[PDB]
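Peer 1:
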Amino acid sequence: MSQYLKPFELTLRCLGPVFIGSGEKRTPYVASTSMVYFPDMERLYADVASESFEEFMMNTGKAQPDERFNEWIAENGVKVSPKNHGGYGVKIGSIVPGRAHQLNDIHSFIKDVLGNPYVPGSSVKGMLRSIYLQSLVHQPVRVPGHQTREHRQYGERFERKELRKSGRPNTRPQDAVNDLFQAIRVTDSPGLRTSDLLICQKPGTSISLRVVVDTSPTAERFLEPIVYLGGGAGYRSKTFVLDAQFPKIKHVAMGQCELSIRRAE
Amino acid sequence: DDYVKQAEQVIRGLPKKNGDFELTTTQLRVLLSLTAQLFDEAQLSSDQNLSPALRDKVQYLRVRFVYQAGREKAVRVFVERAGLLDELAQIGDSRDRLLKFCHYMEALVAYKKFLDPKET
Amino acid sequence: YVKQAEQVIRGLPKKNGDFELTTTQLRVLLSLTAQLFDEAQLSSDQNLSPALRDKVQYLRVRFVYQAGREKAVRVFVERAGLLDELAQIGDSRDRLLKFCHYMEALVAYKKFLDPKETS
Amino acid sequence: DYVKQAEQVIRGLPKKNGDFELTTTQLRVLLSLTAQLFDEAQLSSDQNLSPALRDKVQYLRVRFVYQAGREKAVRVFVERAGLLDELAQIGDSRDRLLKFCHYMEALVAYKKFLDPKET
Amino acid sequence: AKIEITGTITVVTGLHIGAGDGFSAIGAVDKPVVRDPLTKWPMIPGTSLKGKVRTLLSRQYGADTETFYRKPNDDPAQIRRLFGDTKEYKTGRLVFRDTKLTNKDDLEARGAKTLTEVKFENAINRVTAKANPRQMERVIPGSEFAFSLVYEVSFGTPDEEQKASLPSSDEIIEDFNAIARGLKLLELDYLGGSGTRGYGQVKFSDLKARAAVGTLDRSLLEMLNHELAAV
Amino acid sequence: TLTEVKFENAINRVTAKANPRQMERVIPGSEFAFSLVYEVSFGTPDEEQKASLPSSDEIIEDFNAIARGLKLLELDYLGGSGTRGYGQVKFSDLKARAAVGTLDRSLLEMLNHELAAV
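Protein chains in written order, with our numbering: chain A, 1 to 265; chain B, 266 to 385; chain C, 386 to 504; chain D, 505 to 623; chain E, 624 to 854; chain F, 855 to 972.
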């Protein structure tokens, strides 16, 4: 290796499910009792030599989702099944449901090119962005302000105070160049099998990752824990010490992971 | 052939109800980035009339627009105004329409961004 | 319209101490318009052959798409009036060249009022 | 005095590095075309311009200010000798045009002369 | 005297090498990726590939006690012996190439279609209760370029101050060790830039060597391959 | 557009500051024609060897010098921006041709044998 730089690793085992949004949505899928059939859309236009329901794919109106999109098409001469049409599926757990406030359209995790998912490297770099500034403030600084412009702003003006100390004689500290948090180098996780994410209304998967600590731009203690990030993670897991900004009355009175130091190589 | 002038007015046929847009450019990156990929090799074929290996390849671009039309109501009126799925029927005849269609399609992004801020 | 080039610089935002546009912002314009009218010189006939009446229409797609960028280009096209005479081009060769001769007179000036001090 | 006062400005531009920062190689595009202008300005019999040539003194005029901005020595040299103003009041006739083609000739020969300039 | 280093490069992560302005700039985001201008396939430029090897080697082959190597013309004379400077006017012995995509007729059969993807990212900036959108772009990690470079030795003299600055068969091995430790950290550092985001790791397969012109030592070019095959 | 604007950047490790650069190249499929003429090379000598006409055996050495002239040239550069990858070229369809002269039939087809050796 080099003298300013060593490799490092870390544990990442999730216990609750992991959902990172990516601006992608699934829409009428089969919402039935035992099968959620996610098929290949490329194969439904191979009997043209067709037009059973692929004219009604456009056609929707003032109707409720998951009414008739799956109880009509298989009763024709279509011969739809797994291993004969193809595709994949993540299946339902316990509830059907029948709650009041059925199962609506479902969000999307990030996948690589084939539906094979991964935890993002940017989030697991942003996970530790919620750690090293966040931990050792223990007076402990607050988030003082009445309006939404000055509720959360102390995550900004404190992030450039004791975190940008590379200290070149010709650049300011409080910008993109003089950071010391650019020491370790996160590598994004590889692609896994299909059924790892499960349907949630808001599980023991092994993920490893390479991080490479560096002491090049600095002119060893950086490396030195059951925090929850990767999905629905709450209101106090993003920064240090989110109800007052939205109008909610009670301000006046599922992603479990694990991290521990591991110096393997 | 003058459909670049058509994109000046068919963007104003978007139903903009708040005063603001509702079909912003951000929803379209699963549309406009996938028509570029067939375009780059469509020109690369020296033959005017296509091969059957190239007639079937536009069909995935067709059904993803009807997947988006079933997904979002904004795309459903985006198609049937400018007649995308209408021109995507005879696009399996020859590439000259397929060239003119994406040429039309590139013009649809233009006045859309002309009225959008686009600060990064 | 060479005197218009001195006139349009009297409206672009320079109050903050520096300038907004560069030649780098409108760089992709210059890879097209300079490529364009140097195919119009070798044209022997007056009316444009159809091989480049779409190429000037290729530009008109690009100019407003380039005008959809940050507010540095927002002042630039409308204070120049590029688009308002760019639709007029589609028939004859002559003012197509004077369209390019206008913007060549323009881009020789619009970043070139002291960009080294940025003033 | 236009054929001498090109000397106190060919002195007036400063070089402190030992060598003249305005190279004579810096003007081989302004002065390969101003020859081609001069070769047909004098062949013109009329006192006023030909209609095909008043654009030519304009087409040259932006190339002055374009190669002005592209460099830093030419950025100050041109307006200190004031070739923008002598080109501003030139569009009438060849009375001031052939003053210009010998004002630059007064300046290229001086800049050859006040340098070592091995060849 | 010329000896070409045959190879192949395979990416495993996203790669955002080179944005600028956009050669096409129609179907891409405001931060684009470079592409083969005839065919629009994401190439690799030979500049940053040289612009990484020179800047990885200002940490292991120097910068021992607070010496910045503050401009890379202050490199040690092994780096000048490979790359070159204005310090000795040498031609350089490390001629790269520009490497384009190769497996276009392979990636479509392995289930990938779009040839690049805009992975949406966040910028959680705590100011006025927002998560800032940003839309940087990656390339497909199943994509394989090609790889080649040639080493050349002027066996007469490559300089002027001495009548002999040539390398014989003794100097080549410290160069290949500088090829070994050159490409070493790049196998675990990002090939492109915009670091700390999981970018640009590549695995060189088949990194052999072919002698272009001349007669070489039979034992040498295969033990030189050890410093090639190690990284 | 027939000519790219390929960018670059400078980074000085005093402060890692970005300084751009643009190297406009040719399009990488731009094919050029390529001609050159050889001759029977009849000497006009300063030296005393007056009227020393090169025969085919002196000629057939030169086609190896044509071969190894361009064989390394395919391997090496042509243009500027040195040792960064620009200008890998591939000389194609090389053919000699007796345009004018009294060259025999056996010779010229063997003069093309060096041309394929690159």
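Even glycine gets a Cβ: it sits at the ideal position worked out from N, Cα and C.
Near residue 134(A), which residues of its chain fall below 7 angstroms by C-beta distance, leaving aside the five closest residues on each side in sequence?
Peer 2: Around residue 134(A): 239, 240.
Peer 1: If you reduce the DSSP assignment to three classes, tell me which class residue 918(F) lands in.
Peer 2: Correct three-state label for residue 918(F): helix.
Peer 1: Pull up the DSSP beta-bridge partners for residue 107(A), would you.
Peer 2: Answer is 25(A), bridged to residue 107(A).
Peer 1: Comparing the C-beta of residue 393(C) with each C-beta of chain B, is any distance below 8 angstroms?
Peer 2: By this cut-off, residue 393(C) is not an interface position.
Peer 1: At the 8 angstroms Cβ level, is residue 269(B) part of the contact set with chain A, yes or no?
Peer 2: Answer no: the Cβ-Cβ gap between residue 269(B) and chain A never drops below 8 angstroms.
Peer 1: Whole angstroms is fine: what's the gap from residue 621(D)'s alpha carbon to residue 508(D)'s?
Peer 2: Distance between the alpha carbons of residue 621(D) and residue 508(D) is about 21 angstroms.
Peer 1: Helix, strand or coil: which one does DSSP assign to residue 893(F)?
Peer 2: Coil, per DSSP.
Peer 1: Give the DSSP-derived three-state secondary structure of residue 637(E) in the structure shown.
Peer 2: DSSP places residue 637(E) in strand when its eight states are reduced to three.
Peer 1: So which residues of chain F does residue 659(E) contact, with C-beta pairs closer than 8 angstroms?
Peer 2: Here the neighbours are 882.
Peer 1: Three Cβ pairs or more, each shorter than 8 angstroms: is that satisfied between the segment 203 to 223 of chain A and the segment 653 to 661 of chain E?
Peer 2: No, the segment 203 to 223 of chain A does not touch the segment 653 to 661 of chain E.
Peer 1: Identify the contact partners of residue 576(D) in chain C, using a Cβ-Cβ distance below 9 angstroms as the criterion.
Peer 2: The contacting residues are 501.
Peer 1: With a threshold of 8 angstroms between beta carbons, is residue 442(C) in contact with chain B?
Peer 2: Closer than 8 angstroms to some Cβ of chain B, the Cβ of residue 442(C) qualifies, so yes.
Peer 1: Could you give the uninterrupted runs of the alpha helix (DSSP H) lying entirely in the segment 668 to 714 of chain E, keeping only those of 4 residues or more?
Peer 2: With a minimum length of 4 residues, the continuous alpha helix (DSSP H) runs that stay inside the segment 668 to 714 of chain E are 671 to 679, 700 to 705.
Peer 1: 8 angstroms is my cut-off, CB to CB: does residue 148(A) come that close to chain E?
Peer 2: At least one chain E Cβ lies under 8 angstroms of residue 148(A).
Peer 1: Got a sec, what are the start and stop residues for the alpha helix (DSSP H) residue 845(E) sits in?
Peer 2: Unbroken alpha helix (DSSP H) run through residue 845(E): 843 to 852.
Peer 1: Measuring CA to CA, which of 443(C), 404(C), 415(C) is closest to residue 498(C)?
Peer 2: Residue 498(C) has its Cα closest to that of 404(C), out of 443(C), 404(C), 415(C).
Peer 1: Once the 5 residues before and after residue 822(E) are set aside, which same chain residues still bring their CB inside 7 angstroms of it?
Peer 2: Cβ within range, chain order: 636, 637, 638, 639, 813, 815.
Peer 1: Please report the straight-line C-alpha distance between residue 602(D) and residue 506(D), rounded to a whole angstrom.
Peer 2: Cα-Cα distance, rounded: 12 angstroms.
Peer 1: Sorted by chain position, which residues of the same chain lie with C-beta nearer than 7 angstroms to residue 503(C)'s C-beta, five sequence neighbours on each side aside?
Peer 2: 403, 404, listed in sequence order.
Peer 1: Output needed for residue 918(F): all residues of its chain with C-beta closer than 6 angstroms, excluding positions within five of it in sequence on either side, in chain order.
Peer 2: Once the five neighbours on either side are set aside, the close Cβ partners of residue 918(F) are 968.
Peer 1: Which value, in whole angstroms, describes the spacing of the CA atoms of residue 333(B) and residue 104(A)?
Peer 2: Roughly 17 angstroms separates the two Cα atoms.
Peer 1: Within 8 angstroms (strictly less), CB to CB, does residue 298(B) reach chain E?
Peer 2: Output row for residue 298(B): interface = yes.
Peer 1: My output table needs one value for residue 610(D): the three-state DSSP class, helix, strand or coil.
Peer 2: Residue 610(D) falls in the helix class under three-state DSSP.
Peer 1: Helix or strand or just coil, what does DSSP make of residue 377(B)?
Peer 2: In the structure shown, residue 377(B) sits in a helix (DSSP, three-state: H, G or I).
Peer 1: Let me see if you follow: with CB-CB separation under 8 angstroms, is residue 353(B) close to chain G or not?
Peer 2: No chain G is present in this structure, whose protein chains are A, B, C, D, E and F.
Peer 1: With DSSP as the reference, identify every bridge partner of residue 546(D), one or two as the case may be.
Peer 2: Answer by DSSP bridge pairing: none, since residue 546(D) is not bridged.
Peer 1: Within 10 Å of its beta-carbon, does residue 151(A) have 16 or more other beta-carbons around it, so buried, or fewer, so exposed?
Peer 2: Residue 151(A) should be labelled buried.
Peer 1: Using beta-carbon positions only, say whether residue 628(E) and residue 773(E) come within less than 8 angstroms of one another.
Peer 2: Closer than 8 angstroms, so yes.
Peer 1: Could you pull out every unbroken alpha helix (DSSP H) segment of at least 4 residues lying fully inside the segment 548 to 574 of chain D, listed in chain order?
Peer 2: 560 to 573, all fully within the segment 548 to 574 of chain D.
Peer 1: Quick one: what does DSSP say residue 132(A) is sitting in, helix, strand or coil?
Peer 2: Of the three classes helix, strand and coil, the one that applies to residue 132(A) here is helix, per DSSP.
Peer 1: Excluding the 5 residues preceding and the 5 following residue 112(A) in the sequence, name in chain order all residues of the same chain whose CB lies nearer than 7 angstroms to its CB.
Peer 2: Hits under 7 angstroms: 118, 191.
Peer 1: With H, G and I counted as helix, E and B as strand and the rest as coil, what does DSSP make of residue 855(F)?
Peer 2: It is coil, neither helix nor strand.
Peer 1: Is residue 214(A) helix, strand or coil by DSSP?
Peer 2: Looking at residue 214(A) - three-state DSSP - the assignment turns out to be strand.
Peer 1: Quick one: what does DSSP say residue 355(B) is sitting in, helix, strand or coil?
Peer 2: Here residue 355(B) sits in helix by DSSP.
Peer 1: On the three-state DSSP scale, how would you describe residue 830(E)?
Peer 2: The answer is coil: DSSP assigns residue 830(E) none of H, G, I, E or B.
Peer 1: Please identify the residue among 729(E), 728(E), 741(E), 736(E) whose C-alpha is closest to the C-alpha of residue 110(A).
Peer 2: Answer by Cα proximity: 741(E).
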